[PDB]
**Student:** 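For reference, the structure I am asking about is given below.
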Amino acid sequence: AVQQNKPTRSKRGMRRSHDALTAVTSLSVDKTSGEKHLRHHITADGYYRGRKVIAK
Amino acid sequence: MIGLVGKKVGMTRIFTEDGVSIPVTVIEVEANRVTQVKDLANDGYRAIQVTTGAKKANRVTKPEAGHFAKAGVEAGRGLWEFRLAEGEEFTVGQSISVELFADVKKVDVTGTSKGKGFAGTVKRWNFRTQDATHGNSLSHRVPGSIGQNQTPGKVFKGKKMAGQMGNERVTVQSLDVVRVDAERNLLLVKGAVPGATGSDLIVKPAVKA
Amino acid sequence: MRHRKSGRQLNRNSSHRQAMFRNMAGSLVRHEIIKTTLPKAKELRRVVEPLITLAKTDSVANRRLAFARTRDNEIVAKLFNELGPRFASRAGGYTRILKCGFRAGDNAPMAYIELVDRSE
Amino acid sequence: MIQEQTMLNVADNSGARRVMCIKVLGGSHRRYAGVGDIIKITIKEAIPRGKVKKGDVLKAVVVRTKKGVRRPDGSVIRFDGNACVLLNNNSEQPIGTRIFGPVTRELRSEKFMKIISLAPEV
Amino acid sequence: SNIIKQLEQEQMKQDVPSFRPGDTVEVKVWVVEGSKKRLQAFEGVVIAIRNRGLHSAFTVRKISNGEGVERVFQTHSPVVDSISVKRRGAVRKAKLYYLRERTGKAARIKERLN
RNA sequence: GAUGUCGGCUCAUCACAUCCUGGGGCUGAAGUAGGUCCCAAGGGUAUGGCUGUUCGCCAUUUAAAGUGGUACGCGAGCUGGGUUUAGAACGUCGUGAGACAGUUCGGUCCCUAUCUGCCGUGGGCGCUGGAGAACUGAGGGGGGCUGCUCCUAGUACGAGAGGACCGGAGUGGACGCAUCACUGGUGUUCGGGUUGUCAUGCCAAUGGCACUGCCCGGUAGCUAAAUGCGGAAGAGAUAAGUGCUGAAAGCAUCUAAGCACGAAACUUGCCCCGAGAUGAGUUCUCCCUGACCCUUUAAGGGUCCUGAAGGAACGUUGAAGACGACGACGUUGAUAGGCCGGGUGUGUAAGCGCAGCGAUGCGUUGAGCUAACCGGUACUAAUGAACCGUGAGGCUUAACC
RNA sequence: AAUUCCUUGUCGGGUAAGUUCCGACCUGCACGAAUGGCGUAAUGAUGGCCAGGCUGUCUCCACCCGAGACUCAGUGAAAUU
RNA sequence: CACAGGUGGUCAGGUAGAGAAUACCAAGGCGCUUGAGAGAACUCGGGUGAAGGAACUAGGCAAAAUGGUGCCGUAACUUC
RNA sequence: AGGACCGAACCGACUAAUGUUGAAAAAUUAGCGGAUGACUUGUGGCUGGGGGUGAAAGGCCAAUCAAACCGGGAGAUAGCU
Ligand SMILES: [Mg+2]
Ligand SMILES: [Mg+2]
Ligand SMILES: [Mg+2]
Ligand SMILES: [Mg+2]
Ligand SMILES: [Mg+2]
Ligand SMILES: [Mg+2]
Ligand SMILES: [Mg+2]
Ligand SMILES: [Mg+2]
Ligand SMILES: [Mg+2]
Ligand SMILES: [Mg+2]
Ligand SMILES: [Mg+2]
Ligand SMILES: [Mg+2]
Ligand SMILES: [Mg+2]
Ligand SMILES: [Mg+2]
Ligand SMILES: [Mg+2]
Ligand SMILES: [Mg+2]
Ligand SMILES: [Mg+2]
Ligand SMILES: [Mg+2]
Ligand SMILES: [Mg+2]
Ligand SMILES: [Mg+2]
Ligand SMILES: [Mg+2]
Ligand SMILES: [Mg+2]
Ligand SMILES: [Mg+2]
Ligand SMILES: [Mg+2]
Ligand SMILES: [Mg+2]
Ligand SMILES: [Mg+2]
Ligand SMILES: [Mg+2]
Ligand SMILES: [Mg+2]
Ligand SMILES: [Mg+2]
Ligand SMILES: [Mg+2]
Ligand SMILES: [Mg+2]
Ligand SMILES: [Mg+2]
Ligand SMILES: [Mg+2]
Ligand SMILES: [Mg+2]
Ligand SMILES: [Mg+2]
Ligand SMILES: [Mg+2]
Ligand SMILES: [Mg+2]
Ligand SMILES: [Mg+2]
Ligand SMILES: [Mg+2]
Ligand SMILES: [Mg+2]
Ligand SMILES: [Mg+2]
Ligand SMILES: [Mg+2]
Ligand SMILES: [Mg+2]
Ligand SMILES: [Mg+2]
Ligand SMILES: [Mg+2]
Ligand SMILES: [Mg+2]
Ligand SMILES: [Mg+2]
Ligand SMILES: [Mg+2]
Ligand SMILES: [Mg+2]
Ligand SMILES: [Mg+2]
Ligand SMILES: [Mg+2]
Ligand SMILES: [Mg+2]
Ligand SMILES: [Mg+2]
Ligand SMILES: [Mg+2]
Ligand SMILES: [Mg+2]
Ligand SMILES: [Mg+2]
Ligand SMILES: [Mg+2]
Ligand SMILES: [Mg+2]
């Protein structure tokens with residue numbers, strides 16, 4: 001099956017009306033090192049919930 | 001003819017001395033507290049709103065909490081309504097126990113059936129499968145034709161096709177009340193009622209009888 | 001449907017899943033901390049924790065049971081000489097999953113799984 | 001659960017040895033016949049000089065099934081083979097005079113009381 | 001569930017004899033012909049046992065009148081009046097469905113002389 | 001500058017000139033059973049043998065096996081037996097190539113769906129301050145089938161043979177909905193047996209591979225053959241039809257005025273969806289009671305303070321689920337895993353001891369192990385926050401205070 | 001009849017029921033003797049018919065294991081219009 | 001095309017096996033240049049299935065089933 | 001001994017499913033036939049277009065065959081679109 005008529009830029013745009021990405025609403029600050037990080041994720045330096053879980 | 005709200009505990013059996021095994025569903029019917037009474041003058045219809053169970057005060061919201069506090073009852077897990085018949089008067093906060101069904105013989109039990117998800121036509125509509133052999137090309141459990149030709153030139157509404165099956169309200173009617181055990185808040189009905197174990201159930205007296 | 005079922009297929013067959021979790025259980029015992037995908041880490045809990053509780057009572061029978069599920073005597077030895085005595089008083093929950101972002105090659109949700117008393 | 005083409009043993013002395021169900025009598029589109037249900041059969045094998053001859057089309061009542069019967073307490077009574085008792089095509093009374101092997105209490109009705117009496121075990 | 005198990009518990013039979021697959025047992029059941037109610041005996045080898053509490057069952061297989069008959073009894077049903085072990089068999093398997101394919105000698109269970 | 005063609009399969013949908021069930025008039029209608037016509041489309045309306053067949057015939061059913069329209073419905077759904085390509089043959093025709101007024105054996109069926117339509121499932125905004133919970137019912141959909149037996153009663157009817165209406169009860173077929181307590185199937189995540197071979201140093205014990213190697217059982221879940229329920233009663237208005245009173249037309253007349261009955265059709269009654277019903281409804285509860293500045297002076301714009309009810313997000317997840325969504329829970333915690341006890345399943349582990357030449361047997365021992373189950377238990381993971389959403393809510397008129 | 005239109009000829013056998021099959025009959029529309037006639041053991045991925053076993057072919061589908069399909073990240077077509 | 005295709009010769013370990021079949025290994029060589037989740041319909045490739053057993057269908061298509069070695073035994077017909 | 005038998009390599013290609021914008025302009029997977037012979041295969045050679053070759057299908061003659069391909073006559077002709 002194929003289109004009998006070419007779809008318009010209007011129709012193209014209206015289908016991508018739901019393709020918009022969503023930003024992370026907020027980032028959690030570690031209570032010890034103060035780095036911002038994803039919630040429930042370790043920081044970039046290995047801290048999580050104040051404690052340093054990963055040495056490197 | 002108001003009903004109670006219960007919880008499906010599970011299925012079991014009951015042996016009679018006459019050598020018969022009755023298949024039964026156990027329904028836990030705790031006290032149903034009346035949280036609101038609707039009348040014609042104010043709501044246009046006579047009904048009672050009931051609550052059952054217990055909900056953690058942490059999960060109840062302030063709007064829900066105030067609605068309960070007006071009745072002076074504790075927060076249950078949900079709010080359900082039952083339409084009052086002529087000559088049935090209840091008051092807010094009155095507790096209604098399973099012994100209301102002490103003398104009713106058949107009940108209707110409404111629940112939310114088990115969710116089967118996206119089902120095919122064979123499972124959702126009992127569509128006969130096509131041939132499993134004999135040259136059938138990739139069309140074993142497919143739906144077959146779905147219309148005629150140019151004259152309809154379309155598919156009629158309500159055509160039986162694949163989609164969500166289950167997880168919907170369904171009422172089973174006229175189930176014998178095997179036992180009404182007020183002390184343990186239990187209702188034993190003969191047969192299987194819709195829903196999984198732990199699901200909510202609305203039990204009313206049978207309407208056909 | 002999938003009602004009440006347990007276990008994760010992980011896009012493998014039964015033999016591959018079982019063999020892989022033997023390797024990952026061995027790896028976690030040897031290093032006490034490894035980095036896998038979050039789904040794979042959540043399933044390793046159900047393979048390693050049974051193995052540690054088994055190691056709490058040391059016997060020839062239990063050590064041959066560990067060898068069957070591990071296929072490495074060095075792992076069996078660490079489980080019975082070191083990890084069993086270490087967790088002797090811990091009533092389950094010998095592991096800790098910490099989510100650690102996303103893999104660069106395929107954006108897989110990764111996670112570190114460690115023994116709760118690994119320390120140093 | 002007897003259906004069309006099912007080959008049954010014969011539990012009577014009518015002379016037939018093996019019959020084949022050619023119709024499950026009862027209602028329309030009816031699929032199976034259990035113990036106590038009348039079927040139309042055809043004789044596929046019969047003893048010489050018997051009361052019935054091979055190729056004969058008559059009725060029969062099913063008396064034993066491998067599917068078995070269920071009891072009001074949930075018990076089951078299943079047999080090793082499916083067997084029937086040959087009936088007169090127009091009166092639906094048995095044409096044999098001796099019943100062999102056990103039968104079940106599902107036959108305890110006004111129509112098959114003769115089979116109950118002749119059976120060696122119910 | 002604590003509600004169902006308690007419910008089923010009070011319905012269970014209290015004195016049910018111990019038996020294992022391979023045991024020859026005689027089961028006395030009730031046949032109720034209206035007013036007349038009597039006992040009928042069914043004796044055969046136990047080939048399967050389902051242990052599910054109130055829903056416990058067991059399958060007894062006999063050769064009656066040249067025909068193999070299997071009967072599944074619901075252990076706690078009031079129909080089953082009593083069960084008695086006439087002979088203890090020595091089998092290694094929980095389910096003896098392979099006996100359905102064996103005839104006469106070859107269908108006999110050796111006796112558990114212990 | 002291509003509208004695939006017979007039959008079958010799957011899935012249908014409508015008409016009524018009705019096959020069955022329902023209602024009725026007439027009968028050359030005693031009863032039983034029919035005949036014929038009228039009303040009625042709610043539901044239902046065979047399996048096989050033969051042949052590509054549709055049909056047809058036959059066999060055996062059923063209350064009945066309706067007739068037609070739908071591109072002789074349905075090949076971007078299947079099939080490809082027939083027909084109608086290329087090979088070959090027979091009969092036949094032709095001098096022949098070849099052909100059929102025939103027959104016979106063999107012979108590639110593509111398409112990832114843009115729009116409409118349809119089945120499901122979300123996101124946005126709206127509904128006029130915001131929010132949570134419960135509803136009303138405009139409308140829409142589903143369902144609507146029936147046999148046999150017994151009682152009334154061997155009564156009414158009939159010379160007998162035979163044999164009811166009306167009414168009541170029981171038990172089935174088919175169809176549907178739900179459910180897994182039972183009977184079972186499956187259960188490559190549980191246990192065991194065993195073949196070949198490789199390895200763990202060897203023995204013993206185990207693991208890998210050979211379709212899960214091959215099998216024998218089997219938990220939970222799912223599920224049918226399993227087992228529970230349904231079709232209704234009733235009400236309103238009627239169809240054909242039957243009347244009551246009653247003139248026009250001193251009679252008669254069911255009709256003109258008036259009145260009564262009358263079917264599975266119709267409107268309800270039963271089940272489900274359902275306020276986007278923009279005609280956006282109702283009830284109950286909750287939340288927010290700050291200060292200024294400017295202009296063109298408006299349902300105007302900005303500044304500081306403030307950020308609620310609630311929501312979302314994230315996390316642990318679920319008999320919820322393609323994804324979303326929906327439900328549970330997040331330390332004031334049993335949401336998931338683990339652990340502990342039980343259950344269940346398999347069937348008496350390993351080690352040791354004894355007996356035997358040995359294979360093996362016996363004891364320790366219903367042992368060991370045991371997934372989705374049950375009951376528990378904070379050991380692990382569910383974080384303090386942050387984020388969104390504000391600050392009393394237009395105008396007119398009326399009543400009221 | 002690889003040939004028979006009438007034709008599903010008729011008769012027999014086989015099936016509950018056989019337009020196919022087997023054995024016959026002869027009324028050969030339109031067989032026939034090296035464009036061979038008739039028969040024939042063995043052979044055949046050859047055509048028709050029947051039976052035992054066997055089974056998800058089917059009554060009537062259920063469940064399970066995998067690969068896609070679905071979601072996320074990366075790359076990224078096509079016919080047609 | 002870094003393409004399930006095609007391409008002549010030589011070499012020939014162990015265990016089981018008649019075997020260069022086949023299964024498991026050696027030496028040696030590889031995991032096939034997208035992954036990660038989820039565990040719907042439907043499609044593909046498989047496993048098992050109550051009772052029945054060709055009723056399917058143009059047709060037993062497909063599937064299931066049979067399957068080795070030794071001894072015994074083995075019909076019509078025959079060109080022996 | 002044998003165009004003998006069963007069966008790998010090897011040579012084929014009967015059936016089915018898949019795939020049909022393919023992994024592939026003819027294959028894959030499971031079955032299937034021959035497998036000491038009219039066998040199969042390597043390297044080289046010969047036959048040339050109304051010609052070849054053909055255990056004969058109008059088969060094959062470089063993915064093309066009831067008359068190959070390439071250049072030319074050539075802007076053949078086209079009452080047709
Ligand atoms: Mg998009
Ligand atoms: Mg579900
Ligand atoms: Mg195809
Ligand atoms: Mg297919
Ligand atoms: Mg769970
Ligand atoms: Mg994948
Ligand atoms: Mg394997
Ligand atoms: Mg065109
Ligand atoms: Mg009419
Ligand atoms: Mg009439
Ligand atoms: Mg109708
Ligand atoms: Mg109606
Ligand atoms: Mg029609
Ligand atoms: Mg047509
Ligand atoms: Mg097609
Ligand atoms: Mg079409
Ligand atoms: Mg089309
Ligand atoms: Mg298609
Ligand atoms: Mg054809
Ligand atoms: Mg013609
Ligand atoms: Mg369009
Ligand atoms: Mg069950
Ligand atoms: Mg259960
Ligand atoms: Mg299994
Ligand atoms: Mg099960
Ligand atoms: Mg050894
Ligand atoms: Mg290997
Ligand atoms: Mg009716
Ligand atoms: Mg804010
Ligand atoms: Mg939070
Ligand atoms: Mg031992
Ligand atoms: Mg045990
Ligand atoms: Mg917090
Ligand atoms: Mg001729
Ligand atoms: Mg001559
Ligand atoms: Mg000649
Ligand atoms: Mg010749
Ligand atoms: Mg040949
Ligand atoms: Mg051939
Ligand atoms: Mg032949
Ligand atoms: Mg992508
Ligand atoms: Mg590559
Ligand atoms: Mg290659
Ligand atoms: Mg080669
Ligand atoms: Mg998914
Ligand atoms: Mg799958
Ligand atoms: Mg089966
Ligand atoms: Mg079977
Ligand atoms: Mg047939
Ligand atoms: Mg048919
Ligand atoms: Mg075949
Ligand atoms: Mg040869
Ligand atoms: Mg092949
Ligand atoms: Mg050969
Ligand atoms: Mg030709
Ligand atoms: Mg060529
Ligand atoms: Mg030419
Ligand atoms: Mg010229």
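Just so it is clear: chains get the letters A, B, ... in the order the sequence lines come, proteins before strands, and each one is counted from 1. Values below: all heavy atoms of this structure, side chains included; hydrogens, waters and symmetry mates excluded.
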**Student:** Return yes if some donor-acceptor pair links the side-chain N/O of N107(C) with the main-chain N/O of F102(C) below 3.5 Å, else return no.
**Tutor:** no
**Student:** Does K23(D) contact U47(F) through a side-chain donor or acceptor facing the base, at a distance under 3.5 Å?
**Tutor:** yes
**Student:** Quick one: look at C1'-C2'-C3'-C4' in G60(H) and give me north (positive) or south (negative).
**Tutor:** south
**Student:** Is there a donor on the side chain of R77(B) or the base of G327(F) sitting less than 3.5 Å from an acceptor on the other?
**Tutor:** no
**Student:** Since syn is defined as within 90° of 0, does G56(F) count as syn or as anti?
**Tutor:** anti
**Student:** Sign of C1'-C2'-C3'-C4' at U75(G): does that make it north or south?
**Tutor:** north
**Student:** Does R59(B) get its side chain close enough to the base of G330(F), under 3.5 Å, for a donor-acceptor pair?
**Tutor:** yes
**Student:** With a 3.5 Å cut-off and just heavy-atom distances, do the side chain of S26(A) and the base of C387(F) make a donor-acceptor pair?
**Tutor:** no
**Student:** Pull up the glycosidic torsion of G168(F) and say syn or anti, syn being anything within 90° of 0.
**Tutor:** anti
**Student:** Looking at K53(D) and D56(D), does any basic side-chain N land under 4.0 Å from a carboxylate oxygen?
**Tutor:** no
**Student:** Is there a donor and acceptor pair, one atom on the side chain of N11(C) and one on the base of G39(H), closer than 3.5 Å?
**Tutor:** yes
**Student:** Under the 3.5 Å rule, do the base of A372(F) and the side chain of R4(C) count as making a donor-acceptor pair?
**Tutor:** no
**Student:** Under the convention that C1'-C2'-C3'-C4' above zero is north and below zero is south, what is the pucker of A275(F)?
**Tutor:** south
**Student:** Note down whether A249(F) puckers north or south, where north is a positive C1'-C2'-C3'-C4' and south a negative one.
**Tutor:** south
**Student:** Got a donor-acceptor pair under 3.5 Å from the side chain of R31(D) to the base of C60(G)?
**Tutor:** no
**Student:** Report yes or no: is there a donor-acceptor pair, N or O only, under 3.5 Å between the side chain of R71(C) and the base of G208(F)?
**Tutor:** no
